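As structure tokens, the structure follows; a few thoughts come after it.
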Amino acid sequence: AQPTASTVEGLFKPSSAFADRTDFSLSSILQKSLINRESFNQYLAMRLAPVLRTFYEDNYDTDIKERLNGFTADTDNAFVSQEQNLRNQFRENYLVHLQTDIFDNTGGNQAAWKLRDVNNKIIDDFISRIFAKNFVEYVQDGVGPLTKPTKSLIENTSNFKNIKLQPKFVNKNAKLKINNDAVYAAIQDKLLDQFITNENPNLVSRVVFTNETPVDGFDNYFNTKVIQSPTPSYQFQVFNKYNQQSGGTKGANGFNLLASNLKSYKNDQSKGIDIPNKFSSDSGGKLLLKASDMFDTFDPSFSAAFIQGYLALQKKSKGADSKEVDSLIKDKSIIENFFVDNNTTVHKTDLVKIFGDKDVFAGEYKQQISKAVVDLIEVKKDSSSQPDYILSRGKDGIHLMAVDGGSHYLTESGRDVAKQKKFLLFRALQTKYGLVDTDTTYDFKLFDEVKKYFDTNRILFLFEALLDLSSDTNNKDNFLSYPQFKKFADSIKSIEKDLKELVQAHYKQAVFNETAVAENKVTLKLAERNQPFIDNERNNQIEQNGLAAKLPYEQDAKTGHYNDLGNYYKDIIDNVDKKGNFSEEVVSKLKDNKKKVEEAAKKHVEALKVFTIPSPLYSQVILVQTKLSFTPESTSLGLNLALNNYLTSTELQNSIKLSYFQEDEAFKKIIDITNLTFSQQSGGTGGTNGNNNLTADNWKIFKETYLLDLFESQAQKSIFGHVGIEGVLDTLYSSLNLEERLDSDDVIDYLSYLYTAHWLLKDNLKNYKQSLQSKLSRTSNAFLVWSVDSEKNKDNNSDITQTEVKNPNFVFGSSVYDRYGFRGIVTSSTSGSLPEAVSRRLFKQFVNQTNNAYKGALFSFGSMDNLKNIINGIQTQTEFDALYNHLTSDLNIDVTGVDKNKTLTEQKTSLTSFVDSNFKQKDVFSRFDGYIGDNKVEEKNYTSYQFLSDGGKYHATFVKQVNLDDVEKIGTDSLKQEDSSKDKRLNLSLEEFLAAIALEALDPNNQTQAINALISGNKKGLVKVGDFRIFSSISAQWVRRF
């Protein structure tokens, strides 16, 4: 089957270089690919599974020996099937697509496919068999591990040292068929420790008393006249009071059976805390609150309360009240514990002051709630002791939680990961032999949890575990010293000097990435939980809150981060740092490790001596190769796979777009693209001369406008802190880690906006003039509007349009507890951002029926003869219809003698005659620069301005008039700092003009035009690409084939 010539001519032609820039060379593209997490893991698979091939090779078991032969046979059969189906599908040109859509993604060779699928099969099998057995044991000396250790033997802190995750019949000095378990128990105890290290997986024994529908009746608690038809939930939380007659063990009865003897559920020998299942409404028991999905799989009020207990052990918990076990309110309902004293810290929801002079509660709630209200309190055995039990109410009722072993492996110095691993191994041993108490059930499988967390990094984590295994030369009891695994442990030894410098950094940064991702969920989900209690206050439904209480956790005004809740993850990044506020520490140690990955990847690619192999027949990729590696073929294919992932990735596309910015010398004079810092600092480097004459602060306002446009699109706007907005904006900017991520969408969009802002600023605003001309019109007034919403209407003459509206629409939380308004040049056709009230007052009700009220109405024409030159310019009937309606229904100018029945000539003739005979010079053509509301006044006379009124709300609006008589007048002298040149920029100041230009730059049409200018205005032309994976990845608007 000779392939047809059409596809052969039409297929991509591989070249010597991937692209034609100084950052797209082999030594740079391979380094960047090895820094890409997904690409790096695709490489590590091919550099890690050759290590695990040796274990299958020297293994005693006949089955494991035959696994390699079976994998090769299955690979041959799969190749036969692939060839058969490709032939039956493509016929004439099947070989071309066999090399194109299969081999290129695989390594570019027939044997490349077999070295991919076999090398993945063996690593998958080795991954499965690590966790195929349970090895948590209490090891006795001279008889081996006891088949069933006794309860009193293992439930001791001093006896934790004997729970070491060791196999049963493994002898170092013997060739045992099942000696391979000595491998897994060594790797598992490594992987498990990673699980103990990164996830910080504390166990919590918790009891939840679900929300109770009150048989007493909600009217007793929450009156219907204010709260109609309550439903059992957090906001209306009620439990039937404790009665001794009914023989119940849940609700207040369960809380009485529980809190009376609360001190007796901590097994002080084991330091663990075990609370009975029957005392909880659900199945009850213990849950694993690891760092990753504890704010995902469970309620935020639950996970955050567990964190509060976590730091309560470590004397780091803040904001919560403390009361002893004996002080618990068990006779009354449970909620009475939370009505804490108000007289004079602890963050208490004083609902008496919150609801003001409105009756929201009734009966016992009204009498109690005076007395503040909280959500979480700390209950402890003794006044001198530290809080071991935490009581908090969430979505599904009130939970009493206690971390078990917290006094053991969590102290003021931080988390003790060795003790934590020992304690969780003790719990896993408890579950292994059914040695738990009869009144509790262990829904706790540590091996399943470590397997599920480790399976995310199925390649990096296993490789790092092996490296740390071979990094411990002082421990002679590992499987490395077993003569059965002498060469296998040598294979792990042949990968330290080569890759470990890179893999340690990659692991230490990926774990930090996951830790930052998980700790972002803290401030994300706490805000999500607090969202309805802000919605209620927004909708004037504050009374719906009822029993809603603010959590004790403090937030950062300057950062928008929960510091104490971040300590739970700081106790992770302080552990992965030693391997080999949390916000500041992680932001420092992510860049200090990203530079380490840069260095390690560059050294690894250097030491590999990478050269480009010529591509095979019908190939469309630029493959690479190496020879300075322990297994040259697998390392070459690993680099091939890492490249196949990076070239198709959006990181390389954003790198190409980054290079297009690199080329533009005009833009690079004002920015430092790699540094993402505005250039020229502050001085005379190019200052002052034409061609975008402005400072570097003059670009900070463009950046701030971009940040505000991004902030307005945020799903939640309180995850970034609060007061004003100049701080929240830089916090949002930091949150993007743009300088740490130069090959992201978040940076190409930022730079696209920045060159949109410059492409309106260059050539003496040659494109800003065009945008304004195509936006403005002569028959419609245009304004620069500073419109603020005043919920209250009016020397006590402070301007309210220049006073910052902190927390507008309650966007930075709630106020009661814990020159602005600019819209740019807004016209009638584009008045979406303006409120309908002010937009109608400007572009449809300029001169209301209630003098200077006509000033600026026909300023859209600017001069006397201008509207005369436009009225006779009408050719058709509808053209005059629009003008007449605008002059009457919009510009409210009285018309005399006009007739609809007139012909085309007389139609315009009557209007021209009446315009001339009515305006034979009321400052109608003057420029209106002042306040518009219920009345109209100038800027100077703010003492006589009536705010616009609409639907009970008020608006304060400043408008500066803009016509085409100043759109054309912006030119070379438009960016000068001088005040006398303000007429050269729409009679604006420089800052106002640049803010308007930035708002114009946010236009998608402006950005598209400026980006096409960037690509077309390239000194070297469009970037060429020699690899198809770089051509298909990014659109032809940026890259061209050779």
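Ligands are numbered from 1 in the order shown, residues from 1 within each chain, and chains are lettered A, B, ... in the order they appear in the structure tokens.
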
key: Residues near residue 506 of chain A, cut-off 9 Å, only C-alpha atoms, skip fewer than 3 positions along chain, as a PyMOL selection string   = chain A and resi 35+37+40+460+501-503+509-511+593-594+596-597

inquiry  = Residues of segment 351-531 of chain A classed as alpha helix (DSSP H) by DSSP on the backbone are to be reported as a PyMOL selection string.
reply    = chain A and resi 351-354+363-368+406-409+417-432+446-454+460-471+486-493+501-531

message = Calculated over only C-alpha atoms, which of the candidates A:708, A:827, A:227, A:268 has the smallest distance to residue 152 of chain A?
response =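 Among the listed residues, the smallest separation from residue 152 of chain A belongs to A:268.
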
ask   = In terms of the shortest atom-to-atom distance over only C-alpha atoms, which of A:906, A:324, A:836, A:978 is closest to residue 951 of chain A?
value = A:836

remark   = Of A:93, A:253, A:317, A:85, the one nearest to residue 1 of chain A when counting only C-alpha atoms is A:93

key: atom CA of residue 781 of chain A to atom CA of residue 967 of chain A, distance in Å rounded to a single decimal   = 13.1 Å

ask   = So what do you get for atom CA of residue 718 of chain A versus atom CA of residue 303 of chain A, distance-wise?
value =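 Going from atom CA of residue 718 of chain A over to atom CA of residue 303 of chain A, I get 19.6 Å.
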
Each residue of segment 761-853 of chain A with at least one atom at most 12 Å from segment 353-362 of chain A should appear once, together with its nearest atom pair and the corresponding distance in Å (one decimal); atoms considered: only C-alpha atoms; ordering: chain, then increasing residue number; output as CSV.
residue,atom,partner,partner_atom,distance
A:814,CA,A:354,CA,10.5
A:815,CA,A:354,CA,10.4
A:816,CA,A:354,CA,6.9
A:817,CA,A:354,CA,7.5
A:818,CA,A:354,CA,10.9

query = Could you work out how far atom CA of residue 201 of chain A lies from atom CA of residue 167 of chain A, giving the answer in Å with one decimal?
reply =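 Computing it gives 23.5 Å between the two atoms.
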
Compile a residue-level contact table for segment 220-333 of chain A against segment 561-573 of chain A at a cut-off of 9 Å, reporting for every qualifying residue the shortest atom pair and its distance in Å to one decimal, with only C-alpha atoms counted, rows ordered by chain and ascending number, as a Markdown table.
| residue | atom | partner | partner_atom | distance |
| --- | --- | --- | --- | --- |
| A:291 | CA | A:569 | CA | 7.3 |
| A:304 | CA | A:565 | CA | 7.0 |
| A:307 | CA | A:565 | CA | 6.2 |
| A:308 | CA | A:565 | CA | 7.2 |
| A:310 | CA | A:568 | CA | 7.4 |
| A:311 | CA | A:568 | CA | 7.5 |
| A:316 | CA | A:564 | CA | 7.1 |
| A:317 | CA | A:564 | CA | 6.8 |
| A:318 | CA | A:564 | CA | 7.5 |

Filtered DSSP result for segment 309-445 of chain A, state strand (DSSP E), as an mmCIF file with N, CA, C and O atoms, in the first residue's frame:
data_model
loop_
_atom_site.group_PDB
_atom_site.id
_atom_site.type_symbol
_atom_site.label_atom_id
_atom_site.label_comp_id
_atom_site.auth_asym_id
_atom_site.auth_seq_id
_atom_site.Cartn_x
_atom_site.Cartn_y
_atom_site.Cartn_z
ATOM 1 N N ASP A 321 -13.322 30.515 72.752
ATOM 2 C CA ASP A 321 -13.460 30.506 74.198
ATOM 3 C C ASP A 321 -13.099 29.137 74.765
ATOM 4 O O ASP A 321 -13.134 28.116 74.071
ATOM 5 N N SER A 322 -12.759 29.124 76.049
ATOM 6 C CA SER A 322 -12.305 27.923 76.735
ATOM 7 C C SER A 322 -13.168 27.671 77.961
ATOM 8 O O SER A 322 -13.405 28.583 78.759
ATOM 9 N N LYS A 323 -13.634 26.433 78.104
ATOM 10 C CA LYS A 323 -14.366 26.009 79.287
ATOM 11 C C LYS A 323 -14.071 24.536 79.527
ATOM 12 O O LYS A 323 -13.895 23.765 78.584
ATOM 13 N N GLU A 324 -14.014 24.155 80.800
ATOM 14 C CA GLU A 324 -13.608 22.805 81.155
ATOM 15 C C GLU A 324 -14.715 21.802 80.827
ATOM 16 O O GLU A 324 -15.824 22.160 80.424
ATOM 17 N N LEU A 376 -17.720 27.889 67.778
ATOM 18 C CA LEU A 376 -16.768 26.906 68.268
ATOM 19 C C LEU A 376 -16.280 27.315 69.646
ATOM 20 O O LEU A 376 -15.979 28.492 69.877
ATOM 21 N N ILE A 377 -16.204 26.346 70.557
ATOM 22 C CA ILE A 377 -15.557 26.549 71.845
ATOM 23 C C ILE A 377 -14.665 25.353 72.143
ATOM 24 O O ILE A 377 -14.815 24.267 71.575
ATOM 25 N N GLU A 378 -13.712 25.579 73.040
ATOM 26 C CA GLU A 378 -12.711 24.586 73.403
ATOM 27 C C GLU A 378 -13.058 24.007 74.766
ATOM 28 O O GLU A 378 -13.075 24.734 75.765
ATOM 29 N N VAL A 379 -13.335 22.708 74.807
ATOM 30 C CA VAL A 379 -13.606 21.997 76.048
ATOM 31 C C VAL A 379 -12.427 21.077 76.339
ATOM 32 O O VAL A 379 -11.999 20.290 75.480
ATOM 33 N N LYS A 380 -11.894 21.199 77.550
ATOM 34 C CA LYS A 380 -10.666 20.548 77.971
ATOM 35 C C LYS A 380 -10.879 19.893 79.328
ATOM 36 O O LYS A 380 -11.793 20.247 80.075
ATOM 37 N N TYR A 389 -10.768 18.623 73.338
ATOM 38 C CA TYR A 389 -12.053 18.481 72.673
ATOM 39 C C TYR A 389 -12.513 19.840 72.167
ATOM 40 O O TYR A 389 -12.331 20.861 72.838
ATOM 41 N N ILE A 390 -13.086 19.855 70.971
ATOM 42 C CA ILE A 390 -13.542 21.078 70.328
ATOM 43 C C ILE A 390 -15.004 20.874 69.958
ATOM 44 O O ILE A 390 -15.346 19.884 69.301
ATOM 45 N N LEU A 391 -15.868 21.787 70.390
ATOM 46 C CA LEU A 391 -17.296 21.681 70.123
ATOM 47 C C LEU A 391 -17.689 22.799 69.171
ATOM 48 O O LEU A 391 -17.507 23.980 69.489
ATOM 49 N N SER A 392 -18.222 22.430 68.007
ATOM 50 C CA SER A 392 -18.565 23.409 66.985
ATOM 51 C C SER A 392 -19.811 22.952 66.244
ATOM 52 O O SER A 392 -20.001 21.760 66.009
ATOM 53 N N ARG A 393 -20.647 23.909 65.854
ATOM 54 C CA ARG A 393 -21.883 23.617 65.141
ATOM 55 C C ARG A 393 -21.752 24.020 63.680
ATOM 56 O O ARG A 393 -21.376 25.155 63.371
ATOM 57 N N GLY A 394 -22.070 23.092 62.784
ATOM 58 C CA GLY A 394 -21.968 23.343 61.362
ATOM 59 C C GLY A 394 -23.274 23.166 60.619
ATOM 60 O O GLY A 394 -24.333 23.581 61.099
ATOM 61 N N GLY A 397 -25.658 20.022 62.283
ATOM 62 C CA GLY A 397 -25.770 19.945 63.725
ATOM 63 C C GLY A 397 -24.495 20.302 64.455
ATOM 64 O O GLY A 397 -23.617 20.954 63.889
ATOM 65 N N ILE A 398 -24.368 19.860 65.702
ATOM 66 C CA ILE A 398 -23.213 20.173 66.538
ATOM 67 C C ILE A 398 -22.312 18.953 66.617
ATOM 68 O O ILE A 398 -22.760 17.868 66.999
ATOM 69 N N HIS A 399 -21.041 19.131 66.273
ATOM 70 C CA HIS A 399 -20.040 18.083 66.382
ATOM 71 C C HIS A 399 -19.105 18.390 67.541
ATOM 72 O O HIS A 399 -18.596 19.515 67.661
ATOM 73 N N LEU A 400 -18.898 17.395 68.395
ATOM 74 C CA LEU A 400 -17.779 17.372 69.328
ATOM 75 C C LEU A 400 -16.690 16.530 68.682
ATOM 76 O O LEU A 400 -16.902 15.347 68.396
ATOM 77 N N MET A 401 -15.536 17.141 68.444
ATOM 78 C CA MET A 401 -14.421 16.494 67.774
ATOM 79 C C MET A 401 -13.215 16.463 68.697
ATOM 80 O O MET A 401 -13.036 17.351 69.536
ATOM 81 N N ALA A 402 -12.399 15.430 68.547
ATOM 82 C CA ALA A 402 -11.123 15.380 69.239
ATOM 83 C C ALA A 402 -10.139 14.626 68.368
ATOM 84 O O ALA A 402 -10.425 13.507 67.935
ATOM 85 N N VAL A 403 -8.994 15.239 68.108
ATOM 86 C CA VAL A 403 -7.907 14.557 67.423
ATOM 87 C C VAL A 403 -7.250 13.618 68.429
ATOM 88 O O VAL A 403 -6.981 13.998 69.573
ATOM 89 N N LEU A 410 1.584 16.170 68.431
ATOM 90 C CA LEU A 410 1.448 17.599 68.163
ATOM 91 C C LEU A 410 1.732 18.359 69.451
ATOM 92 O O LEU A 410 0.980 18.246 70.424
ATOM 93 N N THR A 411 2.813 19.132 69.456
ATOM 94 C CA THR A 411 3.202 19.935 70.603
ATOM 95 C C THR A 411 3.515 21.348 70.131
ATOM 96 O O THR A 411 3.415 21.662 68.941
ATOM 97 N N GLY A 414 5.635 21.958 67.172
ATOM 98 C CA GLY A 414 5.069 21.655 65.879
ATOM 99 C C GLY A 414 4.611 20.217 65.825
ATOM 100 O O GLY A 414 4.407 19.567 66.855
ATOM 101 N N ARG A 415 4.455 19.682 64.623
ATOM 102 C CA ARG A 415 4.040 18.321 64.446
ATOM 103 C C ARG A 415 5.212 17.419 64.472
ATOM 104 O O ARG A 415 6.209 17.723 63.851
#
